[PDB]
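Here's the structure, in structure tokens; my notes come after.
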Amino acid sequence: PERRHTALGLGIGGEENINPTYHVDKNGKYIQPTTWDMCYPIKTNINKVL
Amino acid sequence: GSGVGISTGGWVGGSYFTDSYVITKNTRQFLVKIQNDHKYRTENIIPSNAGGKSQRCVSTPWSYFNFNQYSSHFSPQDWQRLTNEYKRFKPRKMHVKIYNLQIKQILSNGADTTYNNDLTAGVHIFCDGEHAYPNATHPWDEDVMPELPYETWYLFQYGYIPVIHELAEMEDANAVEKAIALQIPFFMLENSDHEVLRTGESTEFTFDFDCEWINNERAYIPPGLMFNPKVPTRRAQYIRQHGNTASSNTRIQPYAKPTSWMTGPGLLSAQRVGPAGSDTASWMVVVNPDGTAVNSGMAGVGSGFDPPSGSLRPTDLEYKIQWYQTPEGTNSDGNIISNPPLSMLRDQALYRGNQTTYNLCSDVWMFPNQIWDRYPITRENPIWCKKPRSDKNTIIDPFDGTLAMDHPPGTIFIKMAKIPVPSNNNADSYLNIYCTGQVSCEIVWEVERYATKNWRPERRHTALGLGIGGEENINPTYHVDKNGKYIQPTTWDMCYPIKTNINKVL
Amino acid sequence: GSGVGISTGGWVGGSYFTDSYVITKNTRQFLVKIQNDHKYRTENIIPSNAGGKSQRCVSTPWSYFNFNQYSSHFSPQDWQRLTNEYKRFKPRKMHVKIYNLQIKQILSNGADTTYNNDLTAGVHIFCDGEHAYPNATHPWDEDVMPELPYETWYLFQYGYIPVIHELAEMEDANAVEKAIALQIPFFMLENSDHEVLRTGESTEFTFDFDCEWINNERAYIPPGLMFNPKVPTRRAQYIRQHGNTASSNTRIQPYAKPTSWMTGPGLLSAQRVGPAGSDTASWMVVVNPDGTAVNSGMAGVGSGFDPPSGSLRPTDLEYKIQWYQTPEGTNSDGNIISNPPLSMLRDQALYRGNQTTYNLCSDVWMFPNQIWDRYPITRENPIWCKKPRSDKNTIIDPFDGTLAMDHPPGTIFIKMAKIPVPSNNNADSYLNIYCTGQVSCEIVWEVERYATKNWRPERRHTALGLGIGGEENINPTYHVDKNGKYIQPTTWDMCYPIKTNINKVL
Amino acid sequence: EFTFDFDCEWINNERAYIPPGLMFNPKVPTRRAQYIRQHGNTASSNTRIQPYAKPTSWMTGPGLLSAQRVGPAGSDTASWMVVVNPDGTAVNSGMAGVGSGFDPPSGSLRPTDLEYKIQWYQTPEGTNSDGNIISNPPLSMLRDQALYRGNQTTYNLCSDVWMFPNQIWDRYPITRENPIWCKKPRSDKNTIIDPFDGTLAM
Amino acid sequence: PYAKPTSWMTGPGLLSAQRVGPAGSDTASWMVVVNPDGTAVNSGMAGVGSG
């Protein structure tokens with residue numbers, strides 16, 4: 489198997505700290521990714537044979 | 033052309049993914065050896081500690097191919113790609129070839145043994161497509177095609193259970209025991225017309241599937257939770273008087289809206305029984321018609337039914353499906369225990385209000401307006417099962433996740449042609465031979481891609497969930513160590529189950 | 033027709049020269065034996081004196097053909113004629129046949145061993161033309177087709193490096209070490225569709241080259257030296273005041289005309305390090321992303337880069353390419369050390385005026401308006417290399433003289449079909465077999481003849497430059513002695529390099 | 236309504252599991268020989284290269300690690316400063332006024348510290364190391380790289396890797412938070428175009 | 286906002302060296318020589334090089 493981007497790498501934040509990343513809190517504010525991996529970069533998942 | 037020095041095929045392998053369908057190609061090297069001294073025997077299997085459980089088997093000369101497993105058809109790469117990219121799949125067409133056969137003679141002098149080929153020797157290949165014979169294969173058995181394409185596949189001897197043994201033991205005098213025994217069927221595979229091959233011949237078999245889809249989508253909420261919490265409801269509820277608290281009639285709360293839907297069935301009441309050597313199951317299905325003396329406990333008469341739980345939450349580890357990842361696995365070492373997929377249709381429970389609290393009711397029988405999911409299946413699950421032919425049946429969803437079929441892929445049986453040798457006094461002396469060859473299995477799988485309106489990312493299967501093991505403990509799962517041994521997944525999530533990644537809107 | 037007693041081809045050999053193209057035909061006898069016990073293994077290669085350098089390899093059952101070498105395709109006669117008569121050549125088309133295969137069983141009783149053929153046995157042949165697998169071949173390795181057409185070619189086992197070992201050693205607890213390890217790829221060649229052959233079958237493979245020319249012409253003057261020394265120049269120069277010598281502005285001398293062109297790049301600063309058992313290179317290219325502890329020296333993390341010099345004059349013998357002409361060569365015995373071709377583009381230097389003298393600057397990076405020649409290649413050089421697939425790269429001229437290709441000739445892999453034997457207790461007992469056969473390689477080479485307006489004679493490669501060696505020291509180079517041993521060239525000029533004979537006007 | 240066509244280079248989502256210098260069969264011996272000059276009491280030696288040590292023909296991508304950022308945050312602060320100051324005009328203040336400044340300088344090389352790493356803020360309200368996302372290694376073997384220089388005793392990291400023949404690298408791994416393209420300035424001459432911010436120059 | 290960093294770089298050039306020696310000689314800050322091997326160094330690099 490190869491690496492993939494999973495929602496399980498995402499974090500949880502908000503006012504009540506119950507909402508996950510890329511969701512909205514009770515004030516309408518949109519939870520932003522805290523770390524660089526939560527932004528799902530490329531050149532990670534798919535292997536190549538040089 | 034064709035001849036001794038010409039190969040009858042070549043190695044096929046790999047997987048070809050399209051949006052409409054997937055094709056898995058697999059080739060193995062197999063070994064056929066003489067089984068059971070070229071003779072049919074009927075023996076009693078009677079272990080000492082089984083607590084009265086005993087069976088009689090009919091052992092044959094024949095061996096058979098078993099393709100029923102996911103790990104055999106899909107690689108961990110192919111499986112990951114399937115469960116990540118597709119919400120549905122079912123097997124469609126299956127094509128099997130047997131070719132490049134080599135029959136050799138075993139000359140055993142002593143500690144040394146030599147091997148010489150014999151070009152005139154032959155091998156019997158019978159495929160049963162009408163299921164006129166007892167089914168050779170049963171789910172979860174260890175006889176399936178190997179997972180690693182370079183591993184050799186050793187056939188397993190064919191045999192079947194002709195009668196429940198305790199019924200026909202016919203101890204002393206019993207009229208019905210005598211009658212059941214006289215009716216015991218006996219099946220020889222030689223009554224069929226089959227094919228004999230020499231080293232230059234090959235064979236092919238096609239199979240079509242009439243199947244139900246395997247569904248890879250996940251439910252994020254229970255079916256009873258689908259409502260707008262804001263909108264009020266018209267419905268009223270009545271609470272009978274209990275204690276000093278008087279009765280009341282009142283409108284149902286907008287967040288409390290009652291469901292019209294129900295928990296899937298399952299049986300949690302029973303517990304397993306007795307020594308491990310015995311057949312141990314919480315629920316035991318017996319056939320004991322009349323007449324025949326009770327004799328020992330019901331373990332001998334019965335089969336036993338697990339997993340009993342179905343869709344309900346297993347209370348303990350007795351109710352959970354667990355297996356061993358290798359044949360060397362023993363005693364809670366190398367065993368994989370099923371876990372909840374975290375699908376809301378998959379795990380369920382019923383509680384019964386006593387007017388004070390709620391109490392779990394253990395036996396949930398089948399009831400109108402029930403919804404559930406089939407068991408989430410990994411690579412380590414069998415694909416299909418044989419659906420027994422009968423007048424009446426209820427809804428068919430084997431709790432092991434398999435697809436029940438009226439006509440599964442027909443079993444291919446194979447046997448070494450008996451070569452007799454002369455004898456001065458009359459005995460059975462066969463010539464000692466074996467055949468190795470190449471078998472290719474090509475299954476065409478019908479698939480469907482998902483499209484979602486969900487904004488957020490979804491769960492996927494990642495190699496980052498895998499573990500690391502080996503002799504030096506440096507190699508990851510699904511890799512080989514320095515001894516050639518293949519690292520097996522330690523946990524149920526490393527097996528990449530379905531009904532996890534892809535969300536659905538109920 | 034075809035059969036056991038019919039040959040599937042014949043011996044091809046020789047070379048056919050025309051003005052437009054050259055065709056080299058070569059046939060060899062090869063031997064395939066069972067490798068690695070028919071199993072994939074992943075082992076740690078950890079020598080004691082390497083100074084922290086350790087690698088893990090994935091060893092396979094497979095073996096492969098390696099055609100990358102000039103000595104294998106061209107005879108010393110053919111090579112001489114090529115480098116004398118043609119100013120350009122490149123490989124165009126390559127056709128490979130494998131035929132006349134013989135699989136035999138090895139019966140080892142004891143000190144004696146016997147060999148019996150088995151006509152039903154087979155051999156796997158896989159050619160990877162899409163490069164879906166780790167490349168089998170690397171320049172300068174000893175595995176190439178033999179130079180003498182009557183010598184037997186022994187396959188070498190295929191294997192690849194799956195991960196940098198020191199990164200994935202995952203000592204104690206590290207998060208990134210764990211992640212790199214879980215991503216280690218694993219390649220089996222059985223996932224591919226390939227061909228199985230018996231003794232009467234044969235196979236063929238074609239390959240096309242997309243290449244750049246190899247240029248055999250020589251430069252008699254540097255590019256900065258091309259001017260008419262008589263004609264005066266308009267250009268003026270300014271010399272800043274230094275000592276008691278006052279400043280001056282003056283016209284440049286007609287013989288001193290300044291060049292608009294520049295020295296090719298190369299790195300002379302570094303020196304090799306440490307014990308010979310270690311990887312020893314002046315320049316070390318490492319990948320150490322983050323996280324993982326430094327642990328030992330950079331030798332374990334890095335690869336190392338030589339020859340560093342490129343077009344610049346090697347200061348010492350550390351910077352010069354040198355190899356051994358035979359596998360028995362050790363310790364400065366039988367080693368050939370590259371020398372200057374005496375081409376003016378090939379050797380170069382930069383000096384930096386300090387106002388008093390000039391000082392050699394060691395690191396010449398890549399800079400506009402640079403000209404140089406590729407390394408002059410002999411028969412003992414490899415022909416091509418694999419160009420790694422990547423987003424971005426600079427100008428591609430491997431300093432070993434090879435032609436980098438996006439898609440080199442696909443590696444042909446070959447393996448003995450595993451023949452299992454029965455066993456009472458379950459073990460892997462294969463039947464012990466090997467295959468010998470004939471492989472022919474036909475390359476079509478595109479060439480171009482030179483025409484010159486030079487009056488004088490030009491240098492050529494002569495047998496008079498060759499040496500004399502042997503047991504009796506009476507035989508010349510490229511001949512055989514009384515023991516059958518083939519006399520190897522002692523010096524780099526006896527190998528007939530290019531970029532020597534044929535002049536060009538820049 | 237408006238239409239636009241792109242003339243572009245691909246964005247490549249594939250990963251490299253080993254460095255380009257690590258591709259060889261470790262078992263097969265090599266013909267190549269190496270020479271170790273005499274150093275200390277240890278005498279010189281000429282010997283065959285080990286099969287596991289095979290030397291690469293390929294090179295580290297370029298990048299500049301030497302410089303450090305300068306001065307107060309209000310100023311333009313960059314390790315490397317590209318200025319245009321033709322002639323004439325008085326020097327006046329520091330080069331900060333004349334110059335633009337160039338980051339990320341590192342390119343494909345491993346950032347030594349957080350000065351060399353790309354980082355941004357995910358919201359306009361982000362301030363002072365709160366809500367900032369700092370780029371990390373993708374764990375691709377083409378993406379992070381280094382050069383070391385043997386002094387005959389140990390290896391020492393050389394900070395400035397200029398562009399050199401036979402170099403391989405990967406473009407910066409891009410997230411959703413990256414810009415897609417950039418404007419390629421119109422000029423006579425230029426080198427290979429790979430903006431270190433991962434954008435597609437057009 | 287006024288300090289935005291550039292993705293673009295200064296063109297190449299070599300400013301380190303200085304010219305050398307008498308005007309009659311070939312005088313250049315940078316000297317490109319071809320001196321393959323063998324031949325004695327003899328005089329300064331001015332004779333071997335172009336500049």
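Chains as they are written, first to last, in the entry's author numbering: chain A, 489 to 538; chain B, 33 to 538; chain C, 33 to 538; chain D, 236 to 437; chain E, 286 to 336. Beta carbons are placed, not taken as given, at the ideal position from N, Cα and C, and that holds for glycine.
Closest by C-alpha distance to residue 495 (chain C), out of C:109, C:100 and C:290, is C:109. Residue 221 (chain B) sits in a helix when the DSSP states are folded into three classes. For residue 109 (chain B), there is no enclosing beta strand (DSSP E); the enclosing alpha helix (DSSP H) covers residues 108-117. In this structure, residue 397 (chain C) lies away from residue 377 (chain C), with their beta-carbon atoms at least 8 Å apart. Residue 188 (chain C) is classed as buried because its beta carbon has at least 16 other beta carbons within 10 Å across all chains shown. Using beta-carbon distances, residue 288 (chain E) counts as an interface residue toward chain D, with a partner under 8 Å. Note on geometry: alpha-carbon atoms of residue 366 (chain D) and residue 416 (chain B) lie some 52 Å from one another. Going by DSSP, residue 200 (chain B) is part of the alpha helix (DSSP H) stretching over 197-200. Contacts with chain A (Cβ-Cβ distance below 8 Å) from the region 480-513 of chain B involve 487, 488, 489, 490, 491, 492, 493, 494, 495, 496, 498 and 510, listed in chain order. Close partners of residue 278 (chain D) in chain E (Cβ separation under 7 Å) are lacking, with about 25 Å as the shortest Cβ gap. Beta-bridge partners of residue 43 (chain B) (DSSP): C:226. It is roughly 50 Å from the alpha-carbon of residue 464 (chain C) to the alpha-carbon of residue 116 (chain C). Contact annotation, residue 154 (chain C) with residue 228 (chain C): C-beta distance approximately 5 Å; criterion of less than 8 Å satisfied. A straight-line Cα-Cα distance of about 13 Å links residue 434 (chain B) and residue 121 (chain B). Following the DSSP letters along the chain, one finds residue 251 (chain B) in no alpha helix (DSSP H) but inside the beta strand (DSSP E) bounded by residues 249-251. Residues are counted here when their Cβ sits less than 8 Å from a Cβ of chain D; for the region 41-74 of chain C the count is zero. A buried status is given to residue 467 (chain B), since no fewer than 16 other beta-carbon atoms sit within 10 Å of its beta-carbon. By the neighbour-count criterion, in which a residue is buried when 16 or more other Cβ atoms sit within 10 angstroms of its Cβ, residue 198 (chain C) is buried. The secondary-structure analysis by DSSP pairs residue 315 (chain C) across a beta bridge with C:337 and D:384. When the Cα atoms are used, residue 147 (chain B) and residue 61 (chain B) turn out to be separated by approximately 18 Å. The C-alpha of residue 45 (chain C) lies about 31 Å from the C-alpha of residue 138 (chain C). Residues of chain C with a Cβ closer than 7 Å to the Cβ of residue 327 (chain E) do not exist, since the nearest Cβ in that chain sits about 14 Å away. With a threshold of 16 other beta carbon atoms within 10 Å, residue 270 (chain D) meets it and is buried. Between residue 527 (chain A) and residue 267 (chain D), the CB-CB gap reaches or exceeds 8 Å. By the 16-neighbour rule on beta-carbons within 10 angstroms, residue 111 (chain C) is buried.
Residue-level contact check: residue 515 (chain A) does not touch chain D, since none of the beta carbons of chain D fall below 8 Å from its beta carbon. The region 235-307 of chain B contains, as complete beta strand (DSSP E) runs of 3+ residues, the segments 235-240, 249-251, 268-271 and 280-283 (chain order).
Between the region 308-320 of chain C and the region 353-360 of chain C, the count of C-beta pairs closer than 8 Å stays below three; the two stretches do not touch. Inter-residue distance for residue 163 (chain B) and residue 455 (chain B) is about 39 Å (C-alpha atoms, whole angstroms).
Nearest CB-CB separation between residue 108 (chain B) and chain A: below the 8 Å threshold.
DSSP, reduced to helix, strand and coil, places residue 330 (chain B) within a helical segment of the structure shown.
From the listed residues B:49, B:40, B:67 and B:113, the smallest Cα separation to residue 533 (chain B) is found for B:113. Listed in chain order, the non-local C-beta contacts of residue 493 (chain C) below 7 Å within the same chain comprise 112, 115, 116, 528 and 533, local neighbours out to five positions each way being set aside. Burial of residue 175 (chain C) is indicated by the presence of at least 16 other C-beta atoms within 10 angstroms of its C-beta. Residue 78 (chain B): not part of any alpha helix (DSSP H); DSSP gives it neither H nor E. For residue 521 (chain B), the CB contacts under 6 Å within the same chain, skipping 5 residues up- and downstream, are 509 and 527 in chain order.
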